[PDB]
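Colleague: Just model_13.cif, nothing more (mmCIF, C-alpha atoms):
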```
data_upload
loop_
_atom_site.label_atom_id
_atom_site.label_comp_id
_atom_site.auth_asym_id
_atom_site.auth_seq_id
_atom_site.Cartn_x
_atom_site.Cartn_y
_atom_site.Cartn_z
CA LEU A 23 0.00 0.00 0.00
CA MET A 24 2.69 2.50 0.96
CA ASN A 25 4.02 1.79 -2.50
CA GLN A 26 0.75 2.58 -4.27
CA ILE A 27 0.58 6.07 -2.83
CA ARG A 28 4.26 6.47 -3.56
CA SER A 29 2.99 5.77 -7.04
CA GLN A 30 -0.08 7.95 -7.12
CA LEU A 31 2.02 10.71 -5.65
CA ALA A 32 4.29 9.90 -8.55
CA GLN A 33 1.87 10.22 -11.47
CA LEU A 34 0.27 13.29 -9.96
CA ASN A 35 3.64 14.95 -10.12
CA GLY A 36 4.04 13.66 -13.63
CA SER A 37 1.00 15.67 -14.65
CA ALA A 38 0.89 18.46 -12.10
CA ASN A 39 2.96 21.05 -13.93
CA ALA A 40 1.32 20.03 -17.18
CA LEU A 41 -2.14 20.69 -15.79
CA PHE A 42 -1.03 24.04 -14.44
CA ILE A 43 -0.15 25.26 -17.91
CA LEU A 44 -3.43 24.01 -19.25
CA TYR A 45 -5.25 26.18 -16.77
CA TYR A 46 -3.34 29.42 -17.28
CA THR A 47 -3.55 28.74 -20.97
CA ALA A 48 -7.34 28.48 -21.07
CA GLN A 49 -7.65 31.64 -19.02
CA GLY A 50 -6.15 33.61 -21.88
CA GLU A 51 -5.52 37.31 -21.31
CA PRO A 52 -3.97 38.33 -19.10
CA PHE A 53 -2.66 35.26 -17.34
CA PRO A 54 -0.06 34.28 -19.93
CA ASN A 55 1.71 37.62 -19.81
CA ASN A 56 1.25 38.04 -16.09
CA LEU A 57 1.71 34.52 -14.74
CA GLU A 58 4.20 34.99 -11.93
CA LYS A 59 1.81 37.67 -10.67
CA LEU A 60 -1.57 35.87 -10.67
CA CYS A 61 -0.59 32.21 -10.60
CA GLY A 62 2.07 32.35 -7.90
CA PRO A 63 1.84 29.67 -5.23
CA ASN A 64 -0.04 31.72 -2.69
CA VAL A 65 -2.88 29.63 -1.28
CA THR A 66 -3.18 31.34 2.10
CA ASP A 67 -4.34 28.71 4.57
CA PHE A 68 -3.11 25.79 2.51
CA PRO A 69 -2.66 22.62 4.63
CA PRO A 70 0.73 22.81 6.40
CA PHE A 71 3.38 20.19 5.75
CA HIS A 72 6.56 19.14 7.45
CA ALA A 73 9.00 16.70 5.90
CA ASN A 74 10.83 15.36 8.96
CA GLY A 75 7.95 13.76 10.83
CA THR A 76 7.12 10.26 11.95
CA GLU A 77 5.67 8.44 8.96
CA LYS A 78 2.35 8.54 10.80
CA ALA A 79 2.17 12.32 11.07
CA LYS A 80 3.19 12.82 7.44
CA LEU A 81 0.03 10.92 6.53
CA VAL A 82 -2.19 13.09 8.66
CA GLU A 83 -0.93 16.11 6.78
CA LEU A 84 -0.92 14.48 3.38
CA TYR A 85 -4.51 13.55 4.00
CA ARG A 86 -5.59 16.98 5.08
CA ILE A 87 -3.76 18.38 2.10
CA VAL A 88 -5.20 16.00 -0.41
CA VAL A 89 -8.62 16.84 0.94
CA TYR A 90 -8.03 20.56 0.86
CA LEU A 91 -6.70 19.92 -2.61
CA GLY A 92 -9.43 17.82 -4.13
CA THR A 93 -12.02 20.10 -2.64
CA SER A 94 -10.22 23.12 -3.98
CA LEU A 95 -10.08 21.42 -7.34
CA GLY A 96 -13.73 20.62 -7.58
CA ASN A 97 -14.33 24.33 -7.26
CA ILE A 98 -11.95 25.02 -10.09
CA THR A 99 -13.79 22.55 -12.30
CA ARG A 100 -17.28 23.82 -11.60
CA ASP A 101 -15.90 27.21 -12.46
CA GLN A 102 -14.08 26.27 -15.62
CA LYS A 103 -17.07 24.52 -17.14
CA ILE A 104 -18.94 27.83 -17.22
CA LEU A 105 -15.93 30.02 -17.83
CA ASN A 106 -14.08 28.24 -20.58
CA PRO A 107 -16.53 25.69 -21.96
CA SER A 108 -14.09 24.97 -24.75
CA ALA A 109 -10.94 24.24 -22.74
CA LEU A 110 -11.19 20.48 -22.87
CA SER A 111 -7.60 19.34 -22.50
CA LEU A 112 -8.05 21.23 -19.27
CA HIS A 113 -11.52 20.15 -18.30
CA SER A 114 -10.17 16.64 -18.49
CA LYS A 115 -6.90 16.92 -16.59
CA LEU A 116 -8.88 18.65 -13.86
CA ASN A 117 -10.99 15.56 -13.38
CA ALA A 118 -8.13 13.32 -14.25
CA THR A 119 -6.39 14.74 -11.19
CA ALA A 120 -9.43 14.79 -8.98
CA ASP A 121 -9.79 11.05 -9.55
CA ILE A 122 -6.22 10.15 -8.78
CA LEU A 123 -6.55 12.30 -5.70
CA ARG A 124 -9.60 10.34 -4.59
CA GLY A 125 -7.60 7.12 -4.61
CA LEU A 126 -4.85 8.70 -2.52
CA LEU A 127 -7.44 9.67 0.00
CA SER A 128 -8.76 6.16 0.53
CA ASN A 129 -5.20 4.85 0.56
CA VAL A 130 -3.61 7.27 3.02
CA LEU A 131 -6.82 6.76 4.95
CA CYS A 132 -6.58 2.99 4.93
CA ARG A 133 -3.03 3.24 6.23
CA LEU A 134 -4.42 5.52 8.91
CA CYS A 135 -7.54 3.80 10.25
CA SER A 136 -5.57 0.58 9.87
CA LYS A 137 -2.30 -0.40 11.53
CA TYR A 138 -1.59 2.90 13.25
CA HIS A 139 -4.83 3.74 14.95
CA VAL A 140 -6.21 7.02 13.67
CA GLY A 141 -9.91 6.42 13.11
CA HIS A 142 -11.02 10.00 12.67
CA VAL A 143 -9.11 12.92 11.20
CA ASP A 144 -9.92 16.60 11.45
CA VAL A 145 -9.30 18.96 8.55
CA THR A 146 -11.74 21.86 8.17
CA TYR A 147 -12.17 22.23 4.42
CA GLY A 148 -10.62 25.28 2.80
CA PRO A 149 -12.40 28.23 1.22
CA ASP A 150 -15.64 28.01 -0.74
CA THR A 151 -14.69 30.57 -3.36
CA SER A 152 -17.87 31.30 -5.29
CA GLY A 153 -19.26 34.70 -4.36
CA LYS A 154 -16.13 36.41 -5.66
CA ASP A 155 -15.68 38.32 -8.88
CA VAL A 156 -14.96 36.01 -11.79
CA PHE A 157 -11.45 37.39 -12.21
CA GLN A 158 -10.90 36.32 -8.62
CA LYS A 159 -12.27 32.83 -9.24
CA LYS A 160 -9.74 32.38 -12.01
CA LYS A 161 -6.71 33.82 -10.24
CA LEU A 162 -7.12 31.68 -7.13
CA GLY A 163 -7.91 28.65 -9.19
CA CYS A 164 -4.58 29.47 -10.81
CA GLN A 165 -2.85 30.12 -7.53
CA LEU A 166 -3.98 26.78 -6.22
CA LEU A 167 -2.71 24.89 -9.22
CA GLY A 168 0.66 26.57 -8.86
CA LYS A 169 0.96 25.74 -5.20
CA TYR A 170 -0.21 22.24 -5.89
CA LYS A 171 2.61 21.72 -8.34
CA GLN A 172 4.98 23.49 -5.95
CA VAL A 173 4.30 21.29 -2.95
CA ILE A 174 3.39 18.06 -4.64
CA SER A 175 6.97 17.76 -5.83
CA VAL A 176 7.95 18.16 -2.21
CA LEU A 177 5.47 15.52 -1.15
CA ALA A 178 6.99 12.87 -3.41
CA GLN A 179 10.43 13.27 -1.88
CA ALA A 180 9.05 12.25 1.51
CA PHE A 181 7.26 8.93 1.10
#
```
Translate the structure described by the file into structure tokens.

Modeller:
Amino acid sequence: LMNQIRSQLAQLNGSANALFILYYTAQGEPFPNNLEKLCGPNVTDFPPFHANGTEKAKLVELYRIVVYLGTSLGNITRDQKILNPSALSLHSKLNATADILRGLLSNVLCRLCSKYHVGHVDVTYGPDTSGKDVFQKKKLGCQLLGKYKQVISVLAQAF
């Protein structure tokens, strides 16, 4: 099992950066000429993560991240369907990633509730960005994807 997540974590990374470009690409003006300014990893309260922690703790965080991630993604997808109904290479990767993330949840969770004794886990989902101005919905959706690619690469070097 600890090898399957090592693997999902793997793929994810294989397509993280790629998905990020797909998003900022579909946004069109003015994201491509102002990327480092609106797509910079900046997710405020993004699940914390320490690398030197007992394998058990690193799963608690991974879990709370993957949940704050998948949730954050779903929002991006419900928003892109209306915003860029044509961006399909993107509409797909979005789901494509959501799926893979779902598996990691049940896996990191099975290693938790199982040998280890965790049972419940508290996370407090992130923000429910929806009442903001469209430009905001796109920027954050972009900021999340950037941070995702920025920390996911860090997550693979720890399991």

Colleague: From the options A:55, A:30, A:93, A:76, which residue's atoms come nearest to residue 148 of chain A, counting all atoms listed in the file?

Modeller: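 So, comparing all the options, the nearest one is A:93.
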
Colleague: Taking the file as I've supplied it (selection: the PyMOL selection byres ((chain A and resi 62) around 8)), which residues are included? Please answer as a list in words.

Modeller: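 That selection, the PyMOL selection byres ((chain A and resi 62) around 8), comes back as residues 57, 58, 59, 60, 61, 63, 64, 164, 165, 168 and 169 of chain A.
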
Colleague: Produce a file of the selected residues containing C-alpha atoms, as a compact mmCIF listing (two decimals), in the frame of the given file.

Modeller:
```
# COMPACT_ATOMS: atom_id res chain seq x y z
CA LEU A 57 1.71 34.52 -14.74
CA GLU A 58 4.20 34.99 -11.93
CA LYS A 59 1.81 37.67 -10.67
CA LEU A 60 -1.57 35.87 -10.67
CA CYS A 61 -0.59 32.21 -10.60
CA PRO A 63 1.84 29.67 -5.23
CA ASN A 64 -0.04 31.72 -2.69
CA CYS A 164 -4.58 29.47 -10.81
CA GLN A 165 -2.85 30.12 -7.53
CA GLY A 168 0.66 26.57 -8.86
CA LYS A 169 0.96 25.74 -5.20
```

Colleague: Specify as a PDB file with C-alpha atoms, in the coordinates of the input each residue included when the PyMOL selection byres ((chain A and resi 82) around 12) is applied to this file.

Modeller:
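File expr.pdb, as written:
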```pdb
ATOM      1  CA  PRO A  69      -2.660  22.620   4.630  1.00  0.00           C
ATOM      2  CA  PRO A  70       0.730  22.810   6.400  1.00  0.00           C
ATOM      3  CA  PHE A  71       3.380  20.190   5.750  1.00  0.00           C
ATOM      4  CA  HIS A  72       6.560  19.140   7.450  1.00  0.00           C
ATOM      5  CA  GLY A  75       7.950  13.760  10.830  1.00  0.00           C
ATOM      6  CA  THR A  76       7.120  10.260  11.950  1.00  0.00           C
ATOM      7  CA  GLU A  77       5.670   8.440   8.960  1.00  0.00           C
ATOM      8  CA  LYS A  78       2.350   8.540  10.800  1.00  0.00           C
ATOM      9  CA  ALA A  79       2.170  12.320  11.070  1.00  0.00           C
ATOM     10  CA  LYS A  80       3.190  12.820   7.440  1.00  0.00           C
ATOM     11  CA  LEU A  81       0.030  10.920   6.530  1.00  0.00           C
ATOM     12  CA  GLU A  83      -0.930  16.110   6.780  1.00  0.00           C
ATOM     13  CA  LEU A  84      -0.920  14.480   3.380  1.00  0.00           C
ATOM     14  CA  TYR A  85      -4.510  13.550   4.000  1.00  0.00           C
ATOM     15  CA  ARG A  86      -5.590  16.980   5.080  1.00  0.00           C
ATOM     16  CA  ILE A  87      -3.760  18.380   2.100  1.00  0.00           C
ATOM     17  CA  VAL A  88      -5.200  16.000  -0.410  1.00  0.00           C
ATOM     18  CA  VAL A  89      -8.620  16.840   0.940  1.00  0.00           C
ATOM     19  CA  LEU A 127      -7.440   9.670   0.000  1.00  0.00           C
ATOM     20  CA  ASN A 129      -5.200   4.850   0.560  1.00  0.00           C
ATOM     21  CA  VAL A 130      -3.610   7.270   3.020  1.00  0.00           C
ATOM     22  CA  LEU A 131      -6.820   6.760   4.950  1.00  0.00           C
ATOM     23  CA  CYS A 132      -6.580   2.990   4.930  1.00  0.00           C
ATOM     24  CA  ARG A 133      -3.030   3.240   6.230  1.00  0.00           C
ATOM     25  CA  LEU A 134      -4.420   5.520   8.910  1.00  0.00           C
ATOM     26  CA  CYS A 135      -7.540   3.800  10.250  1.00  0.00           C
ATOM     27  CA  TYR A 138      -1.590   2.900  13.250  1.00  0.00           C
ATOM     28  CA  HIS A 139      -4.830   3.740  14.950  1.00  0.00           C
ATOM     29  CA  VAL A 140      -6.210   7.020  13.670  1.00  0.00           C
ATOM     30  CA  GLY A 141      -9.910   6.420  13.110  1.00  0.00           C
ATOM     31  CA  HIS A 142     -11.020  10.000  12.670  1.00  0.00           C
ATOM     32  CA  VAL A 143      -9.110  12.920  11.200  1.00  0.00           C
ATOM     33  CA  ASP A 144      -9.920  16.600  11.450  1.00  0.00           C
ATOM     34  CA  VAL A 145      -9.300  18.960   8.550  1.00  0.00           C
TER      35      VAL A 145
END
```

Colleague: Got a sec to resolve the PyMOL selection byres ((chain A and resi 119) around 9) on this structure and send the residues as JSON, numbers by chain?

Modeller: {"A": [34, 37, 38, 41, 92, 95, 114, 115, 116, 117, 118, 120, 121, 122, 123, 124]}

Colleague: Compare A:99, A:146, A:111, A:47 by their minimum atom-to-atom distance to residue 67 of chain A, counting only C-alpha atoms, and give me the closest one.

Modeller: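 The answer is A:146, which sits nearest to residue 67 of chain A.
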
Colleague: Please, what is the axis-aligned box for every listed atom of segment 38-54 of chain A with 8 Å on each side, as centre and edge lengths in Å to one decimal, as AutoDock Vina command-line options?

Modeller:
```
--center_x -2.3 --center_y 28.4 --center_z -17.0 --size_x 26.6 --size_y 35.9 --size_z 25.8
```

Colleague: Report, in Å to a single decimal, how far apart atom CA of residue 171 of chain A and atom CA of residue 94 of chain A are.

Modeller: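 These atoms are spaced 13.6 Å apart.
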
Colleague: As an exercise, work out the distance from atom CA of residue 91 of chain A to atom CA of residue 166 of chain A in Å and give it to one decimal place.

Modeller: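 For atom CA of residue 91 of chain A relative to atom CA of residue 166 of chain A, the distance reads 8.2 Å.
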
Colleague: Can you measure atom CA of residue 27 of chain A to atom CA of residue 175 of chain A for me? One decimal in Å is fine.

Modeller: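 Atom CA of residue 175 of chain A lies at a distance of 13.7 Å from atom CA of residue 27 of chain A.
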
Colleague: Identify which of the residues A:181, A:90, A:49, A:65 lies closest to residue 107 of chain A, counting only C-alpha atoms when measuring atom-to-atom distances.

Modeller: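 Going through A:181, A:90, A:49, A:65 one by one, the smallest distance to residue 107 of chain A is for A:49.
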
Colleague: Using all atoms listed in the file, which protein or nucleic acid residues come within 10 Å of residue 103 of chain A? Drop anything in the same chain fewer than 5 positions from it, and give the result as number ranges by chain.

Modeller: A: 98, 108-110, 112-113

Colleague: Mind dumping the selected residues with C-alpha atoms as a PDB file, in the coordinates of the input?

Modeller:
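Once written, result36.pdb looks like this:
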```pdb
ATOM      1  CA  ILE A  98     -11.950  25.020 -10.090  1.00  0.00           C
ATOM      2  CA  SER A 108     -14.090  24.970 -24.750  1.00  0.00           C
ATOM      3  CA  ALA A 109     -10.940  24.240 -22.740  1.00  0.00           C
ATOM      4  CA  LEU A 110     -11.190  20.480 -22.870  1.00  0.00           C
ATOM      5  CA  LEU A 112      -8.050  21.230 -19.270  1.00  0.00           C
ATOM      6  CA  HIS A 113     -11.520  20.150 -18.300  1.00  0.00           C
TER       7      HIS A 113
END
```

Colleague: Residues near residue 153 of chain A, anyone? I mean within 12 Å using all atoms listed in the file, not counting same-chain ones fewer than 4 positions away, as a list in words.

Modeller: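 My list of contacting residues is residues 97, 101, 149, 157, 158 and 159 of chain A.
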